[PDB]
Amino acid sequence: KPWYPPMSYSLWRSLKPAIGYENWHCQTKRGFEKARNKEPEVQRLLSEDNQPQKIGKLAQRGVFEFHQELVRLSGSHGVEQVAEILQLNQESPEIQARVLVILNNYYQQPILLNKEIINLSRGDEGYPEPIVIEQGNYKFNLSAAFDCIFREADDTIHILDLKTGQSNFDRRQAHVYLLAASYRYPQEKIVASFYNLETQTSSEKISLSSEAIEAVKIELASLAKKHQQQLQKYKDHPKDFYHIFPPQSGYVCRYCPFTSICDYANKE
């Protein structure tokens, strides 16, 4: 069990705002998700998934089920029985409506039926084992979960992330996925794309030259070091939490999972 500093698309997002979303990025939220998560209040507030999360997880299980018994796309009752496997009758009404829209959307056009599926995840498997990445002499554990892997006719490995809602596409997630994929199919050409199951919209195809791969490695190593330094500082200065993870307050603090426990929450 050799310990190495962690990194993920979630951590990268927690550390750098995406260009164009800088005003909706609060470092104190990262200081709650890491570095204070093991306090009971933070762990409780982090156990409850919002509706946007449960919608997506149900949809991932939806495509998984549609492909476990293929009859559920060839028969006339598939969407209904998949909704039964999803126990969608136990969810709230709005969840049911959104999910049914998405399930019917995949029944109308199953995007992976035409494809040679290497793996289709159920959405409940958690993070795989981390891959150790070596930049310089620094090594860090990258964690990445592929929603789907298939092989194109040209023998290109295609990583597909399945999304729902208004969620845009952060190409940094695709960068994480391409980097992690290179260590599982080292000899193959690898591409990544997004697909929203609720908008039936797809992204273009994303690839990375070797130069861009090393660039992503360098940035991720820098951010892992910074994360560890800040965690160490909070350990060294246990009373200065809001200094080390500085708050950016406002209306966006009505959407934080931690509004109830953040001393700088805007309550307006």
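A residue's number is simply how far along the shown sequence it sits, counting from 1.
Once the C-alpha B-factors are averaged per stretch, 237-245 and 45-53 rank with 45-53 first. The deposited model assigns a higher average Cα B-factor to 79-87 than to the other stretch when 110-118 and 79-87 are compared. Of the residues listed, 138, 183, 194, 146, the entry assigns the biggest Cα temperature factor to 138. Highest C-alpha temperature factor among 97, 142, 160, 179, as the PDB entry reports it: 97. Ranked against the other modelled residues of its chain, the C-alpha B-factor of residue 214 as given in the entry falls in the middle third. In the deposited entry, the Cα temperature factor of residue 4 places it in the middle third of its chain's modelled residues. The deposited CA B-factor of residue 24 belongs to the middle third of values across its chain. For residue 124, the recorded CA B-factor ranks within the highest third of the chain. Only modelled residues enter the ranking. Among the modelled residues of its chain, residue 40 has a C-alpha B-factor that falls in the highest third according to the deposited record.
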